[PDB]
Number of protein chains: 2
Amino acid sequence: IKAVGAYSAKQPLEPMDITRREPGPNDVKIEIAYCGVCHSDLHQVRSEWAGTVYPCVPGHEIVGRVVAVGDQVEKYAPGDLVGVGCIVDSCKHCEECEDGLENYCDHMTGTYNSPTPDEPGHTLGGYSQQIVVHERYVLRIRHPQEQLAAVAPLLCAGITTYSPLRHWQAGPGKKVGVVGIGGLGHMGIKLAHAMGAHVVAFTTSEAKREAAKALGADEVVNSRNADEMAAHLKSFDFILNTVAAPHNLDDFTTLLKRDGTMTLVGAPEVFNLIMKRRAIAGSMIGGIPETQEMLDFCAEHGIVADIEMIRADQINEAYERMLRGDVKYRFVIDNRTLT
Amino acid sequence: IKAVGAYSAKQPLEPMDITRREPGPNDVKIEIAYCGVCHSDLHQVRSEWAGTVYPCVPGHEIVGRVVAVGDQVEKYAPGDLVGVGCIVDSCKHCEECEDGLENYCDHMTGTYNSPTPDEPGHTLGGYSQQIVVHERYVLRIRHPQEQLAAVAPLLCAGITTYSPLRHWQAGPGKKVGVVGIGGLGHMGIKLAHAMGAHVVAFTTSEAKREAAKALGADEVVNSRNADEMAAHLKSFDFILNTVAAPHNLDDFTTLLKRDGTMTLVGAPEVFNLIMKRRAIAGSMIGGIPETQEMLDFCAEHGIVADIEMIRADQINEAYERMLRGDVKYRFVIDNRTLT
Ligand SMILES: [Zn+2]
Ligand SMILES: [Zn+2]
Ligand SMILES: [Zn+2]
Ligand SMILES: [Zn+2]
């Protein structure tokens, strides 16, 4: 099984062979077609303090076709179009898992870098030809097969924004802000718009103003222009901040209505929180049930990510561009190019 | 009408005569019996950036007896025991006011330092013999008259903690933390305990450990002892932080359960918010309806503040002690001493 991974934090991703466990009774064997490139992949293979275990094979925005299934699998059959996100296992018996929030389980097994009985001791991600996952964590893709690659980013970037939008009830009659026009930001705008909310996108440069409009934002604000920001004082029900290194959170807090919340999902003057009972929260990905709901919703609405397909040997160059925001708006690996 | 106030930020509080408007059709004329001393009073008369208008007459934890009422007043009659908090008026037609949240009204008139048609142009507080307030903002005291002085602090310190405890649903089956053992903290413990929650009080010194127990805390933690803090990891449903200058908010955030919130009411590693969908919020005082609910609740449960009665000419010395936390736990002025 071919894949692409790193041997150390300072070594660029390179070709390497890995192994996969034989499908167990509840397992689904998947032939990976495409894998989205997430900033978490970059961080994992480069960050010194990511607790990264090598070799490291990133990738967790996986879509492909079922090759085989265990004798106890009830959800899938060979030929099915499926997806895998950031979770491949969880304890299944804690309050979070029982509530369909496996993403918040204290013992959640991540698609990559988590301990597992499978060789070599830690999970290897989607930058590979195949993956074997317990059916509870495998999602069903309902989009037409021609859109598989564009569906890939939904498995992480998509759910990461979909989950909080749903949790804070974005929808008709709600004014929702989306900060950042990158991989996460573009999905936040697409989804908030599809949910029926009045969407305001925030950027730090005039260069991406038209781009935000094109994504579905009803209004766009350059957060560096005080006049533009002031026009939205105390008007937002919810603000989804997707910027990696969010700045001027004070400015955004003042844009929230009473009882409003700004949730951060990217990788604060108390006075402003107190005066209107506002809150700042965080959120990461989503549980499996909601990830499935999101995929169904996106399939019915024809929602997919805007992507740029690349070869498996171009991931290092892709990372460089991602750091400059030089992609519109998600890189997706054509896993067939592994061979 | 005698009172105590300041002429400048650097001038200690001193005796001064003030005037009150004649009771209008909806007004209640109150003979003030006692007035609690709040940190906001101190800040108002000393802070350079408090937008303070002089003369400044603080005080907004007022209790007294109705002397007269306008011909349109329907809630009160002469002889009634009443209270006044931080609010004396609001617009009455915005979403907040209509929801019983006059405290979050953008045009709320504070008991002191807010513009008003009444001479001298800004509101004068409870460090006086009498006050005239629109009946919508006057509360009814149901406690026995002998407890009037101890009821005074409920008008601000009380509602400031009662409101968020109710908003975040503190009660049986909930583990609630209260940070700080001062004026606000002691009320937070008393109220959280009365609401039926399992209460954990947090202090920064061993000196107040027994005091916290005495107030009703089921458990006490010295936040400076990592071992004590670690024993409560991811276990709180809600944490009410009452410390003026809260520190180590990161340590407290990690003590919150998934979807838990820590609300600040006193005068943060994003990672910890994201990993468990936690939030940090703010809250100030409470609307009138809830302030009344609180007073009724406290009357039925025999809840009052622990106070130290002082003369009106001892307020400056009181402030000094408050800054050192040298009071158990609220100073209350005997307004009769104004003469
Ligand atoms: Zn990701
Ligand atoms: Zn679990
Ligand atoms: Zn106060
Ligand atoms: Zn109002």
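Just so it is clear: chains get the letters A, B, ... in the order the sequence lines come, proteins before strands, and each one is counted from 1. First listed ligand is number 1; within each ligand, the first listed atom is number 1. Note that these values count all heavy atoms, side chains included, but never hydrogens, waters or copies made by symmetry.
No more than 12 heavy atoms of other residues, nucleotides or ligands sit less than 6.0 Å from atom CE of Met275(A). Within a 6.0 Å sphere centred on NE2 of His167(B), other residues, nucleotides and ligands contribute more than 12 heavy atoms.
Taking a cut-off of 2.8 Å, the protein N, O or S atoms nearer than that to the Zn ion (ligand 4) are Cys91(B) SG, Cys94(B) SG, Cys97(B) SG, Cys105(B) SG.
One N or O on the side chain of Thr123(B) and one on the backbone of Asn113(B) form a donor-acceptor pair closer than 3.5 Å. Side-chain N or O atoms of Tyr54(B) include one that pairs as donor or acceptor with a backbone N or O of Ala9(B) at under 3.5 Å. Checked by atom type and distance alone, the side chain of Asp89(B) never pairs as donor or acceptor with a backbone atom of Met108(B) at under 3.5 Å. The main-chain N or O of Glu95(A) is never found under 3.5 Å from a side-chain atom of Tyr104(A) such that the two would form a donor-acceptor pair. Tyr137(B) places a side-chain N or O within donor-acceptor distance of the main-chain N or O of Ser90(B), the cut-off being under 3.5 Å. Judged purely by atom type and a 3.5 angstrom limit, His186(B) uses its side chain to pair as donor or acceptor with the backbone of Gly183(B).
Annotation: cation-pi geometry satisfied between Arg166(B) and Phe297(B) (NZ/CZ under 6.0 angstrom from ring centroid, within 45° of ring axis).
With a cut-off of 2.8 Å, the protein N/O/S atoms near the Zn ion (ligand 3) add up to 3.
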